[PDB]
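Just one chain is shown here, as structure tokens, and it is the form deposited in one PDB entry.
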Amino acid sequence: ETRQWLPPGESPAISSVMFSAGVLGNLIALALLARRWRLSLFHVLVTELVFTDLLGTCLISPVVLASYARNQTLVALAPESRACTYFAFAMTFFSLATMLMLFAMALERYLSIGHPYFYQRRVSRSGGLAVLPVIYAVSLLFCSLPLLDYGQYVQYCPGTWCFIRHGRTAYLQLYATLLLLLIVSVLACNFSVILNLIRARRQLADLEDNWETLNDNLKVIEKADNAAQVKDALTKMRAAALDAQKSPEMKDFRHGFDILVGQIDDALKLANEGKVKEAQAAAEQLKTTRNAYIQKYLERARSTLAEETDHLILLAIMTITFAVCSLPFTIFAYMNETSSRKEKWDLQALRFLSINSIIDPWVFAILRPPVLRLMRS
């Protein structure tokens, strides 16, 4: 299928603005990520995601840009159909490898948030840099198959696309199978992290509620003259301490309440004997011990939960804008070409497949680190 004919009134309006927006978003994303480089395991993966979009844009886009001079965009620019052989291989490579890069981002949050053991397990930050050659290596092996004899490339109707053609050869079905499985895999990791984050919010809420129970009842002991009110306030504090207590920080958190409950038992011991003033004296020492160990864990809990949920928002917007664009290609590949006499889903799948790589760097440009409004809305 070689569609040489093209209306003379073709203007390079859509191509130029798309290439400009893509390169500008990639450069802005690289410049803003370089500010952190002087940076986390999740951020270093975003650097390779915009780098893959920038590397692909510099190879895929300029091919159709220079060929806009003639009426026929690109029939055969170089012998042996080298023009499409370079265009089709580039779009096929930078589409599966880019989706594999999203899987590495989703798998990172899945291992870190989902499994506490994998977080304690050392994952070298420099190892994240080695992911990019591995992702390109796996994608290169799968994308090398259509380069053989059974692989076929035909020119689409606009004359600038020559992506994989549906035929008797079973490769377009396998290529969409990997993309479909990756979408489900990335969504499965996101759904797991969301469930883990929601469970993390309830644990922090219960921990904060027990923290308020300790502080509120502590003020009652200071103004409680009768020993009955002192024993009643210490009773709710002791139960709240056992509920809050339920890695180096984990061992210190348990030991923090183990000595804290003992101070409550000592204050309850003086309250039973009738020493109200001595019981209030132990209550003052209880505040110093609690702020030394327990308060430090609460501050880290609020900071860690806030930082990880921001990375999830960055991951959630990107996978949504990969899913809406990759679904037309999934339906197009699975459906037979002979089923539709005048196939129109093919051209639509080509558009979204290129748009998603352009939107991804702009997503990070809109979602700045001040996402506190999006975190709690």
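The numbering used is simple: start at 1 and walk along the sequence shown. Think of the rigid core as the biggest set of C-alphas that the two forms share within 1.5 Å after superposition.
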property	result
Deposited residues lacking coordinates between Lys246 and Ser247 (none, 1 to 3, 4 to 9, 10 or more)	4 to 9
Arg38-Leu39 interval: deposited residues absent from the model	10 or more
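Although it is not shown, the form deposited in another entry is what the next lines describe.
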item: Moved residue between the shown form and the other one - picked from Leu187, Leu181, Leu107, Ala76, where its Cα shifts 2 angstroms or more relative to the rigid core; value: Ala76
item: Core-aligned CA displacement of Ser340 at least 2 Å between the shown form and the other one; value: yes
item: Core fit, then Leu372 C-alpha moves 2 Å or more between the shown form and the other one; value: no
